[PDB]
Amino acid sequence: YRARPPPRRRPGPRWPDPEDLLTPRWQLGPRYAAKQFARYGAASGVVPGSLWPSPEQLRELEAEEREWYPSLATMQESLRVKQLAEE
Amino acid sequence: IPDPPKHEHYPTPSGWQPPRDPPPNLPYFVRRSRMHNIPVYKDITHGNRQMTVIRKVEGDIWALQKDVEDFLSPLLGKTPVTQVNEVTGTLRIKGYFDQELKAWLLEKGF
Amino acid sequence: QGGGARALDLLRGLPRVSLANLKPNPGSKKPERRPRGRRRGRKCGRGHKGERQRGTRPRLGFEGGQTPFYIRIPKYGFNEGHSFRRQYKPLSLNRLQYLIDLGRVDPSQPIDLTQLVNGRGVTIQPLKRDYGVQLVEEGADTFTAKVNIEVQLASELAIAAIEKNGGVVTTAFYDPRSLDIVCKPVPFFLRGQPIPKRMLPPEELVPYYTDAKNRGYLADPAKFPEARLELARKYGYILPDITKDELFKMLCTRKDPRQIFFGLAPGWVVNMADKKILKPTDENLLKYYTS
Amino acid sequence: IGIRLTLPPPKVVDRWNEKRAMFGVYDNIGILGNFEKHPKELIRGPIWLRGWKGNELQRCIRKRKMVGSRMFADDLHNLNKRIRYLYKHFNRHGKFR
Amino acid sequence: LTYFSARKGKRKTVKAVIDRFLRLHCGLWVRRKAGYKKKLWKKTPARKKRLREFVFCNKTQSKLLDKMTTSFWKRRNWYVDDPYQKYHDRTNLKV
Amino acid sequence: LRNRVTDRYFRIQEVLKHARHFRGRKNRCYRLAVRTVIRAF
Amino acid sequence: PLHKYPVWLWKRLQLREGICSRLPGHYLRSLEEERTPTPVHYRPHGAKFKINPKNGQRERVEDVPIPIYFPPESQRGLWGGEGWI
Amino acid sequence: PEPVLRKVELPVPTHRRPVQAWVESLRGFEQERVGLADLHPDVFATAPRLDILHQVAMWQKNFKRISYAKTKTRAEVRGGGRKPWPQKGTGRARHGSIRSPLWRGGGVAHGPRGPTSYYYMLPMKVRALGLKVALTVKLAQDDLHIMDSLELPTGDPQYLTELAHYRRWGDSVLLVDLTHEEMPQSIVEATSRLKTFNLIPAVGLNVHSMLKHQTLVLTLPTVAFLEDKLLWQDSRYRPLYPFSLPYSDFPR
RNA sequence: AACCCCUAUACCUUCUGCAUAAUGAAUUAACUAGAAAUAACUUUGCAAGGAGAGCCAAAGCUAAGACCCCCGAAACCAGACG
Ligand SMILES: [K+]
Ligand SMILES: [K+]
Ligand SMILES: [K+]
Ligand SMILES: [Mg+2]
Ligand SMILES: [Mg+2]
Ligand SMILES: [Mg+2]
Ligand SMILES: [Mg+2]
Ligand SMILES: [Mg+2]
Ligand SMILES: [Mg+2]
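Residue numbers (UniProt numbering), protein chains in the order written: chain A, 25 to 111; chain B, 57 to 166; chain C, 6 to 296; chain D, 32 to 128; chain E, 94 to 188; chain F, 10 to 50; chain G, 2 to 86; chain H, 44 to 295.
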């Protein structure tokens, strides 16, 4: 006999049907397309502009940053005030 | 793993020496590990069985055993207890002798 | 010269190795014990009645009703908040020197987490709450290499050993996300995400990293000359002039505080497939990543 | 009684049919193929058992997790009872604690 | 104990043990003494001082506390300024 | 894999071979013969 | 044996077949859309992250609605989204 | 005809010397001794580790085994819910259900509970060492033959059969070309009609096939491929992430 | 020399202890009962690293081998049927 062709990794991006009800919902997000771009680059077919946050997303990133990640001066100011009370 | 750079003076600050070239003229050979160190390891079982293993031995391992018997007899005051594993090219000694054996194999050209 | 060749030539005169004359190594296949026959059947090792023979003895730690040992000891916060304590993989000056002597870390270029991980010098586990490497002093007497090294914590004596040899050391903070990326860049690039910004320290760590005595990466550069002079007086060496060295440009290389990688800015997408880098030019995005 | 009175039909084995002759081919597909595929990707069988092993409680838990939404009602009910049964057995009974 | 969880098929840690005992990486377990905060007015200073010690467990208890905790609780940690850091490794211990 | 004993006949005869000269049902019925053959040995 | 499709998808598969398939798209969109109801009988967090007072760490928080029972009589009136608890 | 002289590409340990094999051809019946090939001693002259062959052979035989045997327990046999007769009074043995494992038609107490997997993974380095050992053993027992190519004068199987008989190649021969796509059509036609002469690409080599066939035939390109792949495992760092992701020097 | 002679208190379970006049068993056939972690040990691999991301490492670490039964209540609850 001769051996069957070696099992090979099917090349190129795998884009699933966004209509088939049995497609995993994780294979249909923008994050999945971002991984396809990273693996195959321009051959993916992903518009690179979709890789950065959109204006509404950018507003949400900056809001969560302001609330939870204070500036250097604010943290230094907080340490100064806290240090005086202890002293 | 990168091959070690050439150094003007040996041993290096860390203490590393390369194997001697040409290889020593002995019946056995001790190859260095993939990281270029001498393959002497201490081993422990039962919480109390201190053992030193010499690995990666080529050639006649029964000659290496005799040499290790003669090197370590004065230090112990008696013949060391050893296992010779011809299949795996491994010598096993009862007791911790990793530092002495390393310095001694390094002075042989291995 | 001996046993090695003596085995291959001893194989020439033996039957062919086939699937019919193989066997496991002696001592590798302990036999199974089955409850059959006189020795192992009958009561089968389970004893006679009680709970044990019937398989119904109480849980572990139960003592028959006496208030158990593990319950009558008082609660004490030995392990309280263990999961929010920061851990630092120690890097010894013995281990650093050894990595350089074996060629696994390159002292001719800046050394940060990526170079130590890639040289397999340290193993960082951000998921186990590692916050980076602490440079520990062990091996300071015999350390001779001059390096530009960036760690997260460093001992004064470790700093003295670096700076006595003409090297530079800075302590820099990495948040757990930035730390995970700096430790394994390739997996992050395979996510197709813009390079994030390195976050600032939390308050409790701001004093450490704005202090020149720790060579903190947010510390005032004008205060470094004095602090480097103090350790030289303390430990009795003459501080070298590193501005005179030919590698001085290399010794000065420091990442921007918001920067994870040398030469790459926040907001860039690395295209490893085409070996390209995509930079956004939108003002709102560009302002976000430089802030 | 209980022992057959004639020899059973003789069993002929083709030691060189295509399945036997090629058995094991590509088991080194990773180390010989630049690790593009793992040998576990050659395993064919239930979706919940490919490249994975466990005791019977783990298998039942794993099958319930992965295909349980697709199981027939009688089979899913038996699996629920089997998990509960093995849960009590492995956690509460036995010689060793 | 839970030898096999219903969700993960894994053994579970008894959290009672985590709240009372400290595991050193060498395999020793450290506890407080029972009753060190009870009725101090009737206990002598020598007794009070004994009650304030951090003490080691015996082999049987160590083996028991090892079985009631999973592997996570036996890993080497590198906490910064750990008060117990020097107690994690043994020195000059024969057999 | 269902494994069943297939040569039980021969296991039985090994006892019955020594019981053939006994009297009664303990010269043919294994349950009875096995006890009297052990006692005989 | 296994079903090809998870059982919980069976009702959705039905909407792709028969008369339901031929229903207007805008109506079929309304069915699928399962918007969160306004909180009525529970007080929402108001934030996605909160500081855990016990250990002082920022943890994520989620709003889990309270199951509401609407008696058939409520379908003739206007209860403002209130029901039985 | 200039000899085909193959030298080893990868550096050989100074203390060791290469081993050698005749280079042969399948273009004629007597076309042995077409050249002389150096072989890397660490791949073709490693310690004969039959215990490692058994490890790897058993991992191949079992790691992909899924058992589909299954029995019903007393919980799963039809019916059997009610207590057959009262606990006391009848003079019968006491029974809780007619599908206990004591009853005919009852459940199975400790039967197979498939589907059952047998998956496990020998460390990669052990799996690579088993390949070297099998190669070392084939050479050492004169069951290895290096060819320059696998081209035949014809695609007729009888020729390949007669050629093996003439050269004393045994009953089973394992042909290894470098690539599936670039196999000569002649050897493809001959081996497809045969049962004991099996043609595989280099990536399909394995301990179970090398042990099953008596004779192992390798083209010279295959040898270089094998030396490269197997000696890589001896000099590699511990991984930082799967070797399928980009590395500095890998692949090639 | 079949028997006569001599020696010889079925078996299982259960017990301090059973020829026990304590349990179970007419007999034959078939069926009918030890399932797995923690650690350790043994045997390989690689080794200040190991592991085919994660996890461990102050000779470790990977892999493997080897380990924890059967039948039995009176009940309790839910939904049907009378
Ligand atoms: K009696
Ligand atoms: K009695
Ligand atoms: K009685
Ligand atoms: Mg009766
Ligand atoms: Mg009594
Ligand atoms: Mg009786
Ligand atoms: Mg009784
Ligand atoms: Mg009776
Ligand atoms: Mg109740």
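The beta carbon of each residue, even a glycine, is placed where N, CA and C say it ideally should be.
| Listed from N- to C-terminal order along the chain, which residues in the stretch 8-32 of chain G have their beta-carbon within a distance smaller than 9 Å of any beta-carbon of chain A? | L10, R13, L14, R17
| field | Backbone CA spacing between residue 14 (chain H) and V77 (chain H) [nearest angstrom] | value | The question about residue 14 (chain H) has no answer, for chain H in this structure spans 44 to 295.
| Smallest Cα separation from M91 (chain B): which of B:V143, B:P75, B:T108, B:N141? | B:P75
| field | chain A contacts made by the stretch 255-277 of chain H, where a contact means CB separation under 9 Å | value | none
| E194 (chain H) and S235 (chain H) closer than 9 Å at C-beta | no
| task | Give the residues of chain G in contact with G86 (chain C), contact being defined as C-beta atoms less than 8 Å apart. | result | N56
| query | Is there a Cβ from chain A that is less than 9 Å from the Cβ of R59 (chain G)? | reply | yes
| When we look at the beta-carbon of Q22 (chain F) and count the other beta-carbons within 10 Å, is it buried (16 or more) or exposed? | exposed
| query | Hey, does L52 (chain A) have any beta-carbon neighbour from chain G nearer than 9 Å? | reply | no
| query | What three-state label does DSSP hand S68 (chain A) in the structure shown? | reply | helix
| Classification of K175 (chain H) by the beta-carbon crowding that lies within 10 angstroms, buried from 16 upward | buried
| field | Selected residue, minimal CA-CA separation from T135 (chain B), among B:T146, B:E64, B:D123, B:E142 | value | B:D123
| field | Buried or exposed (CB count within 10 angstroms, at least 16 for buried), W102 (chain H) | value | buried
| query | Using a C-beta cutoff of 9 Å, does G247 (chain H) count as contacting chain A? | reply | yes
| request: Taking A27 (chain A) as the query, report the chain H residues whose CB atoms sit under 8 Å from its CB, ordered along the chain. | output: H223, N241, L242, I243, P244, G247
| query | Does DSSP put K126 (chain E) in a helix, a strand or coil? | reply | coil
| field | Classification of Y66 (chain B) by the beta-carbon crowding that lies within 10 angstroms, buried from 16 upward | value | exposed
| field | Own chain, CB closer than 7 Å to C119 (chain E), minus 5 neighbours either side, in chain order | value | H181, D182, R183
| message | If the criterion is Cβ atoms closer than 9 Å, does the pair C49 (chain C) and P131 (chain C) meet it? | response | no
| Can you tell me whether DSSP reads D99 (chain B) as helix, strand or coil? | strand
| said: With distance defined between alpha-carbon atoms, name the residue in C:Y81, C:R91, C:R77, C:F74 nearest to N170 (chain E). | reply: C:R91
| task | For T45 (chain F), collect the residues of the same chain with a Cβ closer than 8 Å to its Cβ; drop the 5 residues on either side in sequence, then sort them by chain order. | result | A28, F31, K35
| said: Measuring straight from C-alpha to C-alpha, what distance separates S78 (chain A) and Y93 (chain C)? | reply: 37 Å
| request: Determine the closest residue to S164 (chain E) out of E:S98, E:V188, E:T106, E:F114, with distance taken between C-alpha atoms. | output: E:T106
| message | Check for me: the alpha helix (DSSP H) holding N99 (chain C) runs from which residue to which? | response | 98-106
| message | ligand 4 and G132 (chain H): does the residue's C-beta get closer than 8 Å to at least one heavy atom of that ligand? | response | no
| CB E155 (chain C) to CB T128 (chain C), shorter than 9 Å? | no
| said: Buried or exposed for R41 (chain C), going by 16 or more other Cβ atoms inside 10 Å? | reply: exposed
| field | Cβ shell of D116 (chain B) (< 8 Å), same chain only, five flanking positions each side left out | value | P83, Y84
| message | In the DSSP assignment, the beta strand (DSSP E) including residue 320 (chain H) goes from what residue to what residue? | response | This structure leaves residue 320 (chain H) out entirely; chain H is present only between 44 and 295.
| task | Could you name the residues of the stretch 166-188 of chain C whose beta carbon sits closer than 8 Å to any beta carbon of chain B, in the order they occur along the chain? | result | none
| request: Enumerate, from N- to C-terminal direction, the unbroken beta strand (DSSP E) stretches of 3 or more residues contained entirely within the stretch 111-188 of chain C. | output: 135-141, 153-156, 173-176
| query | Going by other Cβ atoms of all chains shown within 10 Å of its Cβ, with 16 needed for buried, is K167 (chain E) buried or exposed? | reply | exposed
| said: I want to see whether chain A comes within less than 9 Å of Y57 (chain D), judged by CB atoms only; does it? | reply: yes
| Pick from H:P155, H:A177, H:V169, H:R281: whose alpha carbon is nearest that of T116 (chain H)? | H:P155
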